[PDB]
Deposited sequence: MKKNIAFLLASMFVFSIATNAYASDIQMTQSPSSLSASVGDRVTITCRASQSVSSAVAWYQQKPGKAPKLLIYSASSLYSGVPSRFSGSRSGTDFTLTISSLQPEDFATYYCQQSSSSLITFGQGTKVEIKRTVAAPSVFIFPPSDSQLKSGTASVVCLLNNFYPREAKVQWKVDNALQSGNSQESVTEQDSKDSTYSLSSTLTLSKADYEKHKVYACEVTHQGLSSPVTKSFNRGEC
């Protein structure tokens, strides 16, 4: 409900992070800060304090700069990798921030590309779904489906969250086709992490 910058950032343990929340210009009250980890309720991280008192150095410090607010984490401890929200109150309503996610950095990893043919029951179902998967790669940014040597629009991409103890991602790209189109080789190319794009093919 309020703009937060960045939408998502990655940093290493011990680094200093700043999250900027763009607050309302109709009120000048302070902003509260909340922290949420996956699968659990949000937790109040910083109270909304009096306008006279904001700026005392601390591990989690709130600072008002003009109309914007800033949450600063001086030391990135391992257990404060979560999503951060800013909240502003008014006469009667409450506005939340868009949300900034903080992720843990690590060394660049390569994905284990796999391709899967449609199953027999899938063939009998009347539609063919072919999935290409990338496993255990850290840099989330990864890019295609080729049929007999390039289509777009008819594909679905799902990426997992960061691993709890490994800190890598998994990506699944599913291409769905009708039987007339499917029966008439297949391959998926991944661009990453990798010196050259990796193509996995089947027939």
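- Missing from the model, relative to the deposited sequence, are the stretches 1 to 26, 170, 177, 213 to 214, 223, 235 to 238.
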